[PDB]
Amino acid sequence: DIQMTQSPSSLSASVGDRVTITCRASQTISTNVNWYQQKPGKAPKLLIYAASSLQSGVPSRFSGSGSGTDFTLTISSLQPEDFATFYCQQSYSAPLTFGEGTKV
Amino acid sequence: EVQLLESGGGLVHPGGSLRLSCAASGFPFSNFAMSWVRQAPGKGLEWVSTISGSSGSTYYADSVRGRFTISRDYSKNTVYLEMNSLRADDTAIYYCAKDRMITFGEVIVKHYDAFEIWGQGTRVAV
Amino acid sequence: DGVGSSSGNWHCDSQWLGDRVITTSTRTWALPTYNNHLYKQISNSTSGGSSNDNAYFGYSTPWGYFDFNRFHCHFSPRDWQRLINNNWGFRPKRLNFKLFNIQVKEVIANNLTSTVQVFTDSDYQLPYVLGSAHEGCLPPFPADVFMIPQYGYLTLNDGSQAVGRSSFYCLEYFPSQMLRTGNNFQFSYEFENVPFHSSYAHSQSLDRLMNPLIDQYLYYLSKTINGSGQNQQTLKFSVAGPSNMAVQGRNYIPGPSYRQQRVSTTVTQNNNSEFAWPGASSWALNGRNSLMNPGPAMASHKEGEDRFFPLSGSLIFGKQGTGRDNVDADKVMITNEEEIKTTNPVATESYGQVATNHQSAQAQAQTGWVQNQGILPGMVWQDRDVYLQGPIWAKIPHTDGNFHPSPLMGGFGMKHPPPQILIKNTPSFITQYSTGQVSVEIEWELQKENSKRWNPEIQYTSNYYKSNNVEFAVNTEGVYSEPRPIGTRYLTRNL
Amino acid sequence: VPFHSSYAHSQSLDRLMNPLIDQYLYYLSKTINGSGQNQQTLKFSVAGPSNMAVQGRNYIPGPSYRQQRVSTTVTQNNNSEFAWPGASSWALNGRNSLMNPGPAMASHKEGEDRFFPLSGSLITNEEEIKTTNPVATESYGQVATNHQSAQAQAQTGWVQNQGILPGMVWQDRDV
Amino acid sequence: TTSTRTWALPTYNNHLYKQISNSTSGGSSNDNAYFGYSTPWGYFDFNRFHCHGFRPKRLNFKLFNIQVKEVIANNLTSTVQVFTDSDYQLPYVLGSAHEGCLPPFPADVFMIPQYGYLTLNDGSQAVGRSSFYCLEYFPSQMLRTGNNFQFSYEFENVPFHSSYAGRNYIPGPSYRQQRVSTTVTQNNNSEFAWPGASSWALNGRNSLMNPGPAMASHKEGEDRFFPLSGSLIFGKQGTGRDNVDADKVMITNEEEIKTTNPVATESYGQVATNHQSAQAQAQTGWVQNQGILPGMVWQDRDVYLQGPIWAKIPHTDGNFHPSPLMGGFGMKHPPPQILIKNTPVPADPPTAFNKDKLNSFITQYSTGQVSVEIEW
């Protein structure tokens, strides 16, 4: 079973300054990784799909990169709305796998 | 819009059975794969099952397989996740998510991509 | 003719020939004796008649009437799908009615010497009740046997009491044909020229008709002030074009509106009070209020909002086996009219705004909302859609004037529609009923579609993959059901 | 020219139904369970002989322009000079013209024969057309003025004048 | 009448159909949102009167003396595609008062406008109902320089255009317009151009009411007030495109129809709002807008030398008084659109077969003569 490991487990940062989270997959999954965020008491929301593509409602300050094993979620212009646990997901093959998550 | 109402609710005794329903509205029900994602208290969120738009392919997670059963009713545009012989760790709040990828019957392709539209969720205590 | 000779055969089919369709439906009916062979006056006073709005006065008659006025009588769900996917319009041409294989019973054995009284009113001398969308229609499924509804009518009143101008009609006072078990009855009726129902959805909207690549030569007022401060007044004019579409000069505007209150399907969104009758828009006539239902033809909701519907703006049918009173919303089937969203205003929105004052140095420009709007020159609108469950025709009331006679519940308005057909068993009496066969045959003219659209259309199709019951078919108990209300508008046209 | 209609309708526009049989159409009967917080629902009922106001109808009464209601009993009327002040008019190029006789409309409701419209009569009464035409001294009806919500009650407003709508029927004025 | 002009036809969209939307245009707002396609085809527009009671009868159109230049030398073999849409199967853009008309002056050489159409939209996006039209899918005639092209058209029956300036009948319908003045100090010191405008909402989008129902521009004696959106506004020769002052533009005045039509800025009249009684004074209210009433008579908006000739009546279940609001003669089968483009001539293809379509073409454009004949 494919394992997603998201390197910062928790994080805290000043607003407006760049933040970057990455997770490394157990195998070459190409561009299949997806990114989500979950605020307390609220259902998750999709940010990035197909490694770099951003969802229609997501701000342009989010972006993502990588292929194969390694994937990064970069946040420029961090904001107070942006503090939540973040997850990475493989879409590559079932059973689907979410990363451990990063509380920011 | 796109609207997902899931209520199976429930507090059941271990080994008991429970059936989650998710009433989907606002999109073509047949052309999207529907999945259940699970989040335990104070933990990460864990994928459970997914079903093809045509219901020809149902995918279960390794811990879940053989116990839970996913199905969809095309008359009521409802996706079901009946779970039986439940265990303590099944306690969590279950989500219902629509897939991003639109599919049709005339091509063989994987039915899962990304979870575009989630749902508020229900609580299963056991 | 005889006891052992048949007076007709079983004809049900549909012929697709060139530009026309011919539908034929045959059913089996049973007619009881009504009112014990009597005319019995009726009024609100009999049932207690508490309210002014509901006050009525009229008569109940022993006679029944045939009602084929709904589409599912004449069309199988396949023929409906064949018709709506391939055609831009349709309309009835001819009518052929037949009544045969009559059997009169006594209460149970066969009474061979009785007659059946049947006639049609071709001069429209009786009140016409077939255009009020009542029950008693021939069953959608051919196998089903149905009961003929009791005929009756209303006349003028003051409260429960009558007035001198009221009328009374004796259905025995008419000439009629008396048939025995060997006689058969038939006639043919020719529909008057009517417009084709527009079974299509516009591929353009009334405000997008422009060429997006070119500027207009008309100018509009862009800026009334040079900036912020004292005495900043100015007149600035710009060009109307691709960058600002809203302000361009247009040749045509959307149709009339009479606003409705919008009720959400999620019940928590709705206000916590009783607004079903208090909040409903209505029209008063001679002192009695009446709900505006369904009302003028308007889009049910704005785009992207499927959970809202007009309070009495759209037709609402029942699912199979739905109770009469206080059913839940999952029992009823509400129709969305949204295909007319292109040319027609949203039923639950204001039509627009108008200036309410004269601006000046002291007075600001002030605008109000237009809740209802009548016809203006330069309006283009769509009529309400027709459904497989819906009515076919209505009768235009005989009056000095009318506008766009098309009936508001949908269908083909006619000064002389298909006539009524009255039937009763000839009369202390023998307890006596009857049964027989009926065949109705309508010819339908079709309008073909020649669209140059490159991409595929939207079609009506059966979406489900695996299911317990196929839609539009009997269940295990043998009960036929119509799962959803089907509209007529799939193919597209340019506006 | 059309034949002038020298006859009176024996039926009203709202009563054209068969009083015996139900309609197959539903209306919204009840929006709340009642007497409590968070009591909301949608209840639908068959339109039938018991309630004949809410049945779906194909045609509606003609256009109206409201007239002031003046009584032949002078004590009943208000003590002020309102003959021109409260008259319905139409303006053309700054010149207000009295509206006479105006749209053809029933002179008065049934049971009130003393009242006459301020400029709606020739005193000849039009009450014969009360079947297809609204009363000249009354509103045409109500519309909705707002979107209801959890925090907003449903607000209506009176239609003082209504122009032609598709599916209106009316009688013209008698000779 | 008769006319003749010289046209110049360039290549559009590099022989390449394109999706276009507000999102590609910068995103605008919801009322300004649109979706559609732009085509390599051009189209001829004589729809304005200066290109030429009364009413048209017959039409005759010819296209000849074709000249196709390569960027400059003659290309003799090249062709030009032309076809009329006589089934009205294409979206009809000729009723929107666009520029691209034949010039009012016979010796001017005019550019041919680009053709593109709008379809249904939920936003910058498209719905399933939106249709796409390939104009290559219409049979068309191909013209080298020695070829010519002609067709004739019969105008359908319309009424003559009016050319003149206790009661039974009443004035026509009104939808009140805001009153703006030519003297800036009489106007309010605030931005009310969009806020105080009369609009109509369709599918959640608010469109200005322009010019609107036919009404008198101003009351007797006041010539300095005009309805905000109620009147037509023409630009003078060389008038700037954006934010021009009041002097740079011409404003038509409808004052002729003040006899039969309500004043645009004035209310239509009064209505009693209650029942009088001993305890209640008679109350009234102002009618801001009014729909048709029996016994109404009205005049339509007049036609100008600079205004549109006709318009196409939308194909709908019903309409009342189809005459177009910007003026002219409404027609269900108007004069058919004429489509024209330069046939793509590719540059040198590679010496090895490649399945991809050719992206490289010889730069080319055409010119010729247009004669249009209209009996009146």
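The PDB entry annotates chain B as Fab2-4 heavy chain of Homo sapiens. What the PDB record gives as the title of this entry is "Fab2-4 in complex with the capsid of Adeno-associated virus type 9".

Chain A has the name Fab2-4 light chain in the PDB entry, where Homo sapiens is given as its organism.

Student: Is there a simple way to explain the interface of chain D and chain E in this structure?
Tutor: By convention, interface size is frequently given as the accessible area that disappears when the constituent parts associate. Taken together, the 36 residues of chain D in the interface contact 38 residues of chain E. For the pair chain D and chain E, the summed buried area comes to about 2,900 Å², and 51% of that belongs to carbon and sulfur atoms. Contact with chain E buries area across many residues of chain D, yet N78, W90 and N93 of chain D alone supply 21% of it, more than any other trio. Between the two partners, chain D and chain E, sit 0 salt bridges. Those elements giving two or more residues to the side of chain D that touches chain E turn out to be β5 (69-71), β6 (89-92), β7 (95-98) and β11 (161-162) of chain D.

Student: Explain the interface of chain E and chain C here, please?
Tutor: Tallying the contact residues gives 121 residues for chain E and 105 residues for chain C. With both chains or domains summed, chain E and chain C bury close to 9,900 Å², and 54% of this area falls on carbon and sulfur atoms. On the chain E side of the interface with chain C, the three residues burying the most area are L118, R129 and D317 of chain E, jointly 8% of the side's total. There are 5 salt bridges connecting chain E and chain C. A salt bridge links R241 of chain E to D215 of chain C; the shortest N-O distance between them is 3.2 Å. Across the chain E-chain C interface, the total number found is 61 residue pairs in polar contact. If one sorts the elements of the side of chain E that touches chain C by residue count, strand β8 (residues 114-119) of chain E sits on top with 6 residues. Taken together, the residues that form the side of chain E that touches chain C break down as 57 nonpolar, 48 polar and 16 charged. Summarising the sheet, strand β24 (residues 352-355) of chain C and strand β14 (residues 199-202) of chain E pair through 2 bridges and their orientation is antiparallel.

Student: What exactly am I supposed to notice about the sheet that holds strand β25 (residues 367-370) of chain C here?
Tutor: Within a sheet, adjacent strands bond to each other through the backbone by hydrogen bonds, running parallel or antiparallel. Taken together, 4 strands build an open sheet; the order of strands is β25(C)-β24(C)-β14(E)-β15(E) and the sheet is antiparallel. A single partner strand is all that each edge strand has here, and the edge strands are β25 of chain C together with β15 (205-208) of chain E. In this sheet, neighbouring strand axes are inclined to one another by 25° on average, regardless of whether the strands run parallel or antiparallel.

Student: Please clarify how the state of the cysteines should be interpreted in this entry.
Tutor: Linking two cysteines covalently through their sulfur atoms gives a disulfide. For the structure on display, the rule yields 2 disulfides over all chains. A sulfur-sulfur distance of 2.0 Å marks the disulfide that ties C23 of chain A to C88 of chain A. Because the sign of the S-S torsion sets the handedness, a value of about 135° for the bond joining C23 of chain A and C88 of chain A places this disulfide among the right-handed ones. Of this pair, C23 of chain A sits in strand β2 (residues 19-25) while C88 of chain A sits in strand β8 (residues 85-90); the two residues are 65 residues apart in sequence, bridging distant segments of the chain. In this structure, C23 of chain A and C88 of chain A share a single accessibility class: buried. Across a sulfur-sulfur distance of 2.0 Å, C22 of chain B and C96 of chain B are joined as a disulfide pair. Its torsion about the S-S bond being -90°, the disulfide of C22 of chain B and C96 of chain B is classed as left-handed. With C22 of chain B in strand β2 (residues 18-25) and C96 of chain B in strand β8 (residues 92-102), this residue pair connects regions lying 74 residues apart in the sequence. The class of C22 of chain B is buried, set by a relative accessible area of 0%. A residue is classified by how much of its surface remains accessible, and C96 of chain B, at 0% relative accessible area, is buried. In this structure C12 of chain C is not part of a disulfide, and its nearest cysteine sulfur, from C73 of chain C, lies 11 Å away. Exposure remark for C12 of chain C: the relative accessible area of 30% places this residue in the partly exposed category.

Student: Could you clarify how one ought to interpret the arrangement of the chains in this entry?
Tutor: There are 5 pairs of chains in contact here, and the one with the most contacts is chains C and E. Chain B makes no contact with chain D; the smallest distance between any of their C-alpha atoms is 17 Å. Contact between chain B and chain E is absent, and the least distance between their C-alpha atoms amounts to 11 Å.

Student: For this particular structure, what's the right way to read the pattern of salt bridges?
Tutor: Pairing is possible between side chains that carry opposite charge, provided their charged atoms lie close to one another. All names here are of chain B. Overall, the coordinates contain 41 salt bridges over all chains when judged by the stated rule. A salt bridge links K98 to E116; the shortest N-O distance between them is 3.5 Å. Placement of the pair is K98 in strand β8 and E116 in strand β9 (residues 115-117), with a sequence separation of 18 residues. Its relative accessible area of 26% is what places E116 among the partly exposed residues. Taken together, the shared-partner salt bridges in this structure form one network comprising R38, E46, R67 and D90.

Student: Please clarify how the side chain of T131 of chain D should be interpreted in this entry.
Tutor: Of note, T131 of chain D is situated in the loop between β8 (115-117) and β9 (141-144). Its relative accessible area of 2% is what places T131 of chain D among the buried residues. Those residues in contact with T131 of chain D that sit more than four places away from it in its chain are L156 and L285 of chain C together with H9, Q11, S12 and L13 of chain D.

Student: Can you walk me through the pairing of strand β6 (residues 62-65) of chain A in this structure?
Tutor: Looking down a regular strand, the side chains alternate between one sheet face and the other. All names here are of chain A. Where burial is concerned, the two faces of β6 differ: the one with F62 and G64 is buried and the one with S63 and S65 is not. Bridge count for β6 against strand β7 (residues 70-75) is 4 bridges, and the pairing is antiparallel. Each residue of the ladder has a partner; that of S63, found in β7, is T74. Hairpin remark: β6 followed by β7, antiparallel, with 4 residues in the connecting loop; positive phi at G66, about 110°.

Student: Would you take a moment to explain the side chain of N211 of chain C for this structure?
Tutor: Positionally, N211 of chain C belongs in the loop between β13 (201-202) and β14 (219-225). For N211 of chain C, a relative accessible area of 0% puts it in the buried group. Separated by 3.1 Å, the side chains of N211 of chain C and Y43 of chain E make a polar contact. Reaching out from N211 of chain C, the side chain makes a polar contact with the backbone oxygen of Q114 of chain E at a distance of 3.2 Å.

Student: Help me understand unusual backbone geometry in this model?
Tutor: Leaving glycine aside, a negative phi is the common case for residues, and trans is the common case for peptide bonds. A cis amide bond links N293 of chain C with the next residue in sequence, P294 of chain C, at an omega value of -15°. Along the chain, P294 of chain C falls in the loop between β20 (288-291) and β21 (308-310). For the peptide bond that leads from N210 of chain E to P211 of chain E, omega is -20°, which places it in the cis range. Take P211 of chain E: it is sitting in the loop between β15 and β16 (225-227). Residue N243 of chain E is not a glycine yet carries a positive backbone phi of 60°. Along the chain, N243 of chain E falls in the loop between β17 (233-235) and β18 (249-251).

Student: Is there a simple way to think about the packing of aromatic side chains in this case?
Tutor: Taken as a whole and assessed by the stated rule, the structure comprises 67 aromatic pairs over all chains. Measuring from centroid to centroid gives 4.8 Å for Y59 of chain C and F168 of chain C, while their planes differ by 65°, and the two rings are edge-to-face. An aromatic cluster is present here, built from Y39, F57, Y59, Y65, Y151, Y153, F168 and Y169 of chain C joined pairwise through their rings. Over the ring of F27 of chain B we find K98 of chain B; its NZ or CZ atom is 5.4 Å from the centre of that ring. Directly above the aromatic system of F196 of chain C lies the positively charged group of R91 of chain C, at a separation of 4.2 Å from the ring centroid.

Student: I would appreciate a short explanation of the pairing of strand β15 (residues 233-239) of chain C in the present structure.
Tutor: All names here are of chain C. Where burial is concerned, most of β15 is hidden: 7 out of the 7 residues are buried. Side chains of β15 alternate between two faces, with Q233, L235, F237 and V239 and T234, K236 and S238 buried alike. Note that β14 and β15 share 5 bridges and pair antiparallel. Its bridge partner being in β15, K223 is matched across the sheet by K236.

Student: Help me understand the nonpolar core in this model?
Tutor: Across soluble globular proteins, nonpolar side chains have a tendency to be buried as a group. Membership of the largest hydrophobic core comes to 64 residues, with the highest contact counts inside it found for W29, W80, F97 and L99 of chain C. At 6 residues, the largest contribution of residues to this core is made by strand β5 (residues 87-106) of chain C. For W29 of chain C, the residues in contact, after removing those within four places along its chain, are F66, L99, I102, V145, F146, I148, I423, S434, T435, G436, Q437 and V438 of chain C. Listed in part, the 53 residues of the second largest apolar core include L59, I66, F138 and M331 of chain E.

What counts and how
Residues numbered from 1 in each chain as written, not as in the entry; some residues may be left out. Chains lettered and ligands numbered in written order. Part of a larger assembly, values for the part shown. Heavy atoms only, no water. Contact = heavy atoms within 4.5 Å. Buried area = accessible area lost by both parts, 1.4 Å probe. Salt bridge = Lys/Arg side-chain N within 4 Å of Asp/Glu carboxyl O. Helix = DSSP H or I, 4+ residues; strand = E, 2+ residues; numbered from the N terminus. Polar contact = N/O pair within 3.5 Å; in protein donor to acceptor, adjacent residues only side chain to side chain. Nonpolar A, V, L, I, M, F, W, Y, C, P; charged D, E, K, R; others polar. Pairing = 2+ DSSP bridges. Axes fitted to C-alpha atoms, helices over the stretch in contact; angles between N-to-C directions. Disulfide = S-S within 2.5 Å. Buried < 20%, exposed > 50% of the residue type's maximum accessible area, 1.4 Å probe, protein only. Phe/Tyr/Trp six-rings, centres within 6.5 Å; stacked < 30°, edge-to-face > 60°. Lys NZ or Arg CZ within 6 Å of the ring centre and 35° of its normal. Core = buried A, V, L, I, M, F, W, Y, C linked by side-chain atoms within 4.5 Å.

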